[PDB]
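Descriptive analysis of the structure
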Amino acid sequence: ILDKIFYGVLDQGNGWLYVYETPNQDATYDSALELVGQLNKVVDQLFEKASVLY
Amino acid sequence: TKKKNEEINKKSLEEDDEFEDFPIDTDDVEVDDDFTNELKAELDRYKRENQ
Amino acid sequence: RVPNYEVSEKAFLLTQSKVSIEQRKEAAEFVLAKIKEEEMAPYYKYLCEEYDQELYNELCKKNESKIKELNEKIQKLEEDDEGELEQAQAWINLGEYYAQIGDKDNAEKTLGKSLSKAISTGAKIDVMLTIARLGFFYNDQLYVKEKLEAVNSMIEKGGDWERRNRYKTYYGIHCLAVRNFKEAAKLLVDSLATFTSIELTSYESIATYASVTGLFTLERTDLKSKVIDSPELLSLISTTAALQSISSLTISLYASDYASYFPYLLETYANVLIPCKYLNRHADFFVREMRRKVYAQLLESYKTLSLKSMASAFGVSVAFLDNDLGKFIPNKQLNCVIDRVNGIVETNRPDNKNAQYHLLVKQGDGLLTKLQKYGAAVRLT
Amino acid sequence: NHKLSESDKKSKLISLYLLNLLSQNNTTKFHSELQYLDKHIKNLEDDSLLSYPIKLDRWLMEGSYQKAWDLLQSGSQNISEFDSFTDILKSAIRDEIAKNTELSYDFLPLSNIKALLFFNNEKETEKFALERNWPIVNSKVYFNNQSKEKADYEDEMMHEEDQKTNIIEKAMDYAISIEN
Amino acid sequence: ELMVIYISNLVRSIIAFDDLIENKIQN
Amino acid sequence: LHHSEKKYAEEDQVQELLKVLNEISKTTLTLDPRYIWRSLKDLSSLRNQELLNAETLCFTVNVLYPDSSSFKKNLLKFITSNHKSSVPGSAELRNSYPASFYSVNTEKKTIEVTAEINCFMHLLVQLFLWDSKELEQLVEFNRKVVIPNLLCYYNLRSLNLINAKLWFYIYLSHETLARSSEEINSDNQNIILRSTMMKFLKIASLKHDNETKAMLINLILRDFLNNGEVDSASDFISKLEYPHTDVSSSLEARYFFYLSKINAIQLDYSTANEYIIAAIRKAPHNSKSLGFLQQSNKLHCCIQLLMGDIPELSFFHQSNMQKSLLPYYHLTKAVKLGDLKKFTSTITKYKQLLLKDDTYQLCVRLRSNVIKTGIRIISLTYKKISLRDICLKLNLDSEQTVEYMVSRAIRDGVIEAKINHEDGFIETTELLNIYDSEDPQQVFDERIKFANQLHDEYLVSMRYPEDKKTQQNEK
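Residues numbered from 1 in each chain as written, not as in the entry; some residues may be left out. Chains lettered and ligands numbered in written order. Part of a larger assembly, values for the part shown. Heavy atoms only, no water.

Looking at the entry header, you'll see cryo-EM listed as the method and 4.5 Å as the resolution.

This is the structure:
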């Protein structure tokens, strides 16, 4: 399971093996994290430039 | 010199500064868990093994 | 070159009373020889506090002799010619004595003089390394930090790979010394490829340290390869006890042999973490952090496990496991609960679109606050 | 300043006053009233009779109803005219607990209902259950009926569109902001 | 853009000041 | 020596005076006098110290005085009288010019150019009184004088901007006497202080002066707080009229602090969270406003713990405010570890310090919060747990007692559990996957609306100065 080659979970107390062939998590939400991620850097820069005015 | 009026006015509302009043008047806790773990491992072990 | 770092590394061990009293007194022999030989006398006075007048009479003599020699030599050098190269070379040599006796102050004066004078780019970088090395001797973080910034200005002008190896490792010790391991791992694994011992703790130390950091930082595949499929570590075998313990740990983590994990965890504490000056301070976080990583790993592959099963695998009693698990759970890395009456261990599974949702809002929340703070400021103008 | 502006009568009067506020279950005013009173009752009347409501607030905040209840009964030896708030304060305890026990479970036996709510008579228990709009049938409460019924009834009222929040409304409100 | 309009506005305070001195000569 | 320096000091004041006089007496250019007036106060308070403080005396002598001379004598009398050519009008260097005020025409009553100069004198005196630390007779005399002096006038908006400063010192001076020293008469004149603030407050709506109105509300609320009339404060703020428009962000921070304090004690912590965070932001973070900041940061922590949120341990450490927040640090941990007994000792030990700031009464409520938190730890760690095990864990006395803590707590949804009587254990019920549910929609909607409000504030502010600039001649 740990290498990931059928990537499922072993249910030990019910002694059954669950198999899920679902690929990695949705692309769309992950791409949002990257966009929001840049924006934090944009704002840090924006405040330093704005320090002169205050 | 403009901001200055305000700084003095705030201080006065506090009275002095408490800030300096206090010294004149007077999982970061977590123990190293290695020492306790050593004891735990050994007691379980003795029994397990000779069971 | 060698005494500069070796004196301090060896003396550390003696200091510690953490170590066994027996181990503490063996260290004493080695340390003691080098106090007298290298004449460490001003600093030694400091160091006696922390645990024959001749050493010091010797100091006065040596000092005076050496001083007197070089004095009038440098007074003769002034009457004479070349001030760029040859006087700068002598001024380096005054600093070399100052660094011998443990005054950081007096080395820093003379060695600055060299920089001032117009010198080779290669030569420049050299001199700045030595100044920063003096900080390691005491182990101060604030001094080290500021010196190594300058070194980067000259580093590409000289563009030598020779001294950039030295640079990588110096910054490595500064990082190791503090809690943060993320940065260290990245420089110190690289020093495996290329190491230079010059004013730097021997390669064998670097092998051991690279391995500790290794575990903490990289994820499964990558980390494993970096701390195992490395040719260098295999060629070097287990030549000292400390490098053995850490490697044993690495094997057991990777191999998912969880019986031997716990014995190996305890060995690494006694023989790796404490001999180390750097990880002395960080012993506490490190060893605890390993119990959490390993447990997470077992749980990841299992929908459910039994307490009795889990307990047995590690080699602790059932009660012990429970207690130690109840530390890890609210802190949150395990992502798990224990349904106690039944004795089963369930592992909450929100790894999906739900997961990605939760993370994404929090990150959004962080951007939202900053905008307000800045908004409000400008708005007053 | 003191010159005769406190008396034994003061102390008694404020206690009785605070007990009225606990009985109306207005914890909002009680804490404010305590601030106004504060300096006078710190050590210049102390806590002697005034102690009775102070203690009482503390155990019901913790939510140990066992302690609270015990204090009222034992209050018999303290009654001087305190009984006008004390009798009422039993009833208030019964409604707070009654609320709680719904969210926990649906089924309690007869005995357990009596014990939590502190009735001294089992028949009086079943009587209270009808008045609380709970049916106890064959020795088991069926909290299931009324609670669901109330939410369905609440659902019909008039305030009501923006409070409930419609997804349709979200687009309409967003647009007119822009275009203003 | 908030920032850009405010830089402009700060600049023009000085220009407004100097403006008076120029007009004095003109009169 | 003396003569020289006094004179020099005198000159400086006189320069400043004429400029602000010109501005007001040449049409309504309101902003310019106001900004100027604030800076002048600082400058004047800073001046006095050196160049001798008998700058005041000199200036009084050399005006067309009405009773400023009579006042000045009272001030010299408190601090021992002298005479060295201090007779009223011993200095004539006015010399019949309108500029420094035509001597003859003022006396006749064909002009009265004394008006704003008398107002200004009262300001200089007040200011000098508090700097110096002169009290008793003067404070009383001063309060007395100025109240009927203002009620003689029928103020202009510009003159009201100026008494917006005078009332803060009036308030503060009265307080200093009341605070030093026990009197029956202090108590009595507290009633009279309220009354007048309230009278002036009705007027300042009609006069359309946002500055004055704000100031008065700061004072009145602070008054309710000291005497502990929470009820009075709660009524007063709800006929809300406090503007954020013309007012300094210095004033905003004070206003929002009072809000926060009154909410704290009646158990409303939701509103108190937001107001408190704002006053932190709003406040100028400087060396001598540091007192304010300290008081506030002690409150902000209380508000959070009461809500049930746990403040960082990191925060207190890396701050330069470490030592003062030593008690605080102990509370934060004590709630975390869930130890009741330690909590009890900790507040007893710190009792004196906490009591001054009057956060003590909040701390007493923090006794419930310790216990409640311990019941969340147990639910998270162990999903299904026999009720027996909790009792041992929290040291609680019997099975019936823990029944009663969980039962009250899950009404508030802190623990978020349900007790299963039948089975004799407790089931956590929060089990996530609220994605599938309509819930994220709700969440995002609020964020979207909030952005829009920031846009309108941004758009609004930006354009306004350009408009003024563009109209004005500029190269």
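Alright, that's what it looks like, and here's the rest.
1. What to know about the pattern of salt bridges
Close approach of charged atoms allows side chains with opposite charge to pair. Our working definition: The term salt bridge refers to a pairing of a side-chain nitrogen on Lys or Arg with a carboxyl oxygen on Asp or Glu at a separation within 4 Å. Secondary structure is summarised from DSSP: a helix means a run of H or I of at least four residues, a strand means a run of E of at least two, and numbering begins at the N terminus for each. Here's how the labels work: a residue is buried when its accessible area is under 20% of the maximum for its type, exposed when over 50%, partly exposed in between, all with a 1.4 Å probe on protein chains only.
A full pass over the atoms with the stated rule returns 66 salt bridges over all chains. Here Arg291 of chain C ties to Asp33 of chain B by a salt bridge, and the two come within 3.2 Å at their closest N and O atoms. With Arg291 of chain C in helix α16 (residues 283-300) and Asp33 of chain B in the loop between α2 (21-25) and α3 (34-49), this residue pair bridges two chains. The same class applies to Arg291 of chain C as to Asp33 of chain B, namely buried.

2. Here's the deal with the interface of chain F and chain C
The cut-off we apply is this: What makes two residues a contact is simply this: any of their non-hydrogen atoms within 4.5 Å. A simple way to read buried area is as the amount of 1.4 Å-probe accessible surface that goes missing from two parts once joined, with both sides added. Here a polar contact means two N or O atoms within 3.5 Å. Within protein one must be a hydrogen donor candidate and the other an acceptor candidate, and residues neighboring in sequence count only if both atoms are side-chain atoms.
At the interface, 26 residues of chain F touch 26 residues of chain C. Interface of chain F and chain C: buried area, both sides summed, is about 2,500 Å²; carbon and sulfur atoms make up 61% of it. If you sort the residues of chain F by the area they bury against chain C, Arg281, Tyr382 and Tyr435 of chain F come out on top, with a joint share of 24%. Put simply, chain F and chain C have 3 salt bridges between them. A salt bridge links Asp365 of chain C to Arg447 of chain F; the nearest nitrogen and oxygen atoms lie 3.7 Å apart. Along the contact surface separating chain F from chain C lie 7 residue pairs in polar contact. Taken together, the elements giving at least two residues each to the side of chain F that touches chain C come down to α13 (270-282), α19 (360-381), β1 (382-386) and α22 (439-471) of chain F. Looking at the side of chain F that touches chain C, the element that brings in the most residues is α22 of chain F, giving 9 residues.

3. A short note on the nonpolar core
Residues and elements named next belong to chain C. What counts here: The criterion is simple. A nonpolar core is a set of buried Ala, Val, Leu, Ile, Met, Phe, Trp, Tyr and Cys residues joined through side-chain atoms within 4.5 Å. Domain boundaries shown here were taken from an automatic or database domain assignment.
Ranked by internal contacts, the top residues of the largest apolar core, which has 133 residues, are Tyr295, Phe314 and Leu321. In terms of residues, this core owes the most to one element, α16, which gives 9 residues. Of the residues that make up this core, three or more belong to each of domain 1 (2-301) and domain 2 (302-348).

4. So, the side chain of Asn74 of chain F
Residues and elements named next belong to chain F. Along the chain, the position of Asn74 falls in helix α4 (residues 68-78). The class of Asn74 is buried, set by a relative accessible area of 13%. Once residues lying within four places of it in the same chain are set aside, the contact partners of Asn74 are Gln137, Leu138 and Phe141.

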